[PDB]
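One is the number of the first residue; the rest follow in order along the sequence. Indexing begins at 1, ligand by ligand and atom by atom, following the structure's order. Heavy atoms only: backbone and side chains are in, while hydrogens, waters and symmetry mates are out.
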Amino acid sequence: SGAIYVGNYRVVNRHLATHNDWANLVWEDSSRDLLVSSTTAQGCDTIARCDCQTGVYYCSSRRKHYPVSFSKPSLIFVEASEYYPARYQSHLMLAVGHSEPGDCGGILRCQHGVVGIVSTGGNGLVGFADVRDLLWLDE
Ligand SMILES: NC(=O)[C@H]1CCCN(C(=O)Cc2ncncc2Cl)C1
Ligand SMILES: [Zn+2]
C-alpha cells in the first residue's frame, strides 16, 4: 500500500484505489496501473521533473529503503493477476530489488523528488509506475 500526496491530488495504484478514490476521480489509466483522485487537504509531496535512472525506494515487506538503478519508462509485458489480464503495462521502469505482493504503493525518489510508485515485481525484480511525465500534478 501507499500513495503520493501532491497539491490537491492523491496518486495511487489503480488496482488498490478505494471507493472514495473512484468517487473523487480526476484521471485513471489501466495500462499504467495509475489512478489520481482529488483531496480537500494540501499534499506533503513534490514530483521530480528529470531523467534520473538511480534513486531510493521504500520496501514495506522489509520496512527498509533500498538504492536502485532502473530502466527508462517503457512498455513491459506483465503476466495475468487477479487484478488484470495478461497485458503490456506502459510507463513502467524495472530494477533489481526485493518486492513481493503488498509492496505496491512504495515511493521511489531521486534527489529531485518523487519519481514513481511500486507497481510490479517478483524474482528479485521491482517495477515502478513513472509519474514524472504528469506535469498537471504541479498545477
Ligand atoms: N501492475 C500490475 O499489473 C500488478 C498488479 C498486482 C499484482 N502484480 C504484481 O506484480 C504482484 C507482485 N508479485 C510479486 N512480487 C511483487 C509484486 Cl508487486 C502485478
Ligand atoms: Zn531526478
Asks: Side chain, backbone, both or neither: which part of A129 has a heavy atom under 4.0 Å from ligand 1?
Replies: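 None of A129 does.
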Asks: For the CD1 atom of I47 and the CG atom of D138, what is their distance to the nearest 0.5 Å?
Replies: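 Answer for the CD1-CG pair, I47 versus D138, is 7.0 Å.
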Asks: Quick one: the SG of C50, the Zn ion (ligand 2), SG of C52 angle, rounded to 10°, please.
Replies: 110°
Asks: For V68 and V96, what are the C-alpha separation, side-chain angles and deciding distance, and is it a side-chain contact (heavy atoms from CB on, under 4.5 Å)?
Replies: CA-CA 7 Å; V68 279; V96 180; over 6 Å; no
Asks: Could you tell me, atom by atom, which parts of ligand 1 come under 4.0 Å of a heavy atom of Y83?
Replies: 6 (C)
Asks: Near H15, which atoms of ligand 1 are under 4.0 Å from a heavy atom of that residue?
Replies: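 With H15 as reference, the close atoms of ligand 1 come out as 5 (C), 6 (C).
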Asks: Looking at CG of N8 and OG1 of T39, how far apart are the two atoms once the value is rounded to the nearest 0.5 Å?
Replies: 4.5 Å
Asks: Check whether any N or O atom of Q89, backbone or side chain, sits under 3.5 Å from an N or O atom of ligand 1, and answer yes or no.
Replies: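 Min N/O separation from ligand 1 is below 3.5 Å for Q89.
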Asks: Side chains of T120 and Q89: do they bring a donor and an acceptor to under 3.5 Å?
Replies: no
Asks: Which of the numbered atoms in ligand 1 are below 4.0 angstrom from a heavy atom of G121?
Replies: 10 (O), 12 (C), 13 (N), 14 (C), 15 (N), 16 (C), 17 (C), 18 (Cl)
Asks: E82 near ligand 1, heavy-atom distance under 4.0 Å?
Replies: no
Asks: Taking the Zn ion (ligand 2) as the vertex, how big is the angle to ND1 in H112 and SG in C110, rounded to 10°?
Replies: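 Centred on the Zn ion (ligand 2), the ND1/SG angle is 110° (to 10°).
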Asks: Give yes or no for whether the N/O distance cutoff of 3.5 Å, strictly under, is met between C104 and ligand 1.
Replies: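 Checking ligand 1 against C104, no N or O pair falls under 3.5 Å apart.
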Asks: For atom 8 (N) of ligand 1, state which one of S119, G106, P101 supplies the nearest heavy atom.
Replies: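 Ranked by closest heavy atom to atom 8 (N) of ligand 1, first place is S119.
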Asks: For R87 and ligand 1, does the shortest N/O to N/O distance drop below 3.5 Å?
Replies: yes
Asks: Could you tell me whether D33 approaches ligand 1 through its side chain, its backbone, both or neither, with non-hydrogen atoms closer than 4.0 Å?
Replies: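 Under 4.0 Å from ligand 1, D33 contributes side-chain atoms alone.
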Asks: Does the side chain of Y84 pick up a donor-acceptor pair with the side chain of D33 at under 3.5 Å?
Replies: yes
Asks: Is atom 17 (C) of ligand 1 in close reach of the protein, with a heavy atom under 4.0 Å away?
Replies: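 When distances to the protein are checked, atom 17 (C) of ligand 1 has a heavy atom within 4.0 Å.
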Asks: Work out whether the distance between some heavy atom of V78 and some atom of ligand 1 is less than 4.0 Å.
Replies: yes
Asks: May I ask you to say whether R109 pairs ionically with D45, meaning some side-chain N is under 4.0 Å from a carboxylate O?
Replies: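 Salt bridge between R109 and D45, a charged N being under 4.0 Å from a carboxylate O: yes.
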Asks: Which is it for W22 and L35 under the side-chain contact (heavy atoms from CB on, under 4.5 Å) test, yes or no, and what are the steps along the way?
Replies: CA-CA 8 Å; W22 278 104; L35 182 146; 3.5 Å; yes
Asks: Could you check whether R62 makes a cation-pi contact with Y66, meaning its NZ or CZ is under 6.0 Å from the centre of the six-membered ring and within 45° of the ring axis?
Replies: no
Asks: Assess the residue pair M93 and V115 against the criterion (side-chain contact (heavy atoms from CB on, under 4.5 Å)); give the C-alpha distance rounded to whole Å, side-chain angles, the decisive distance to 0.1 Å, and a yes or no.
Replies: CA-CA 10 Å; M93 296 175 300; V115 173; 3.8 Å; yes
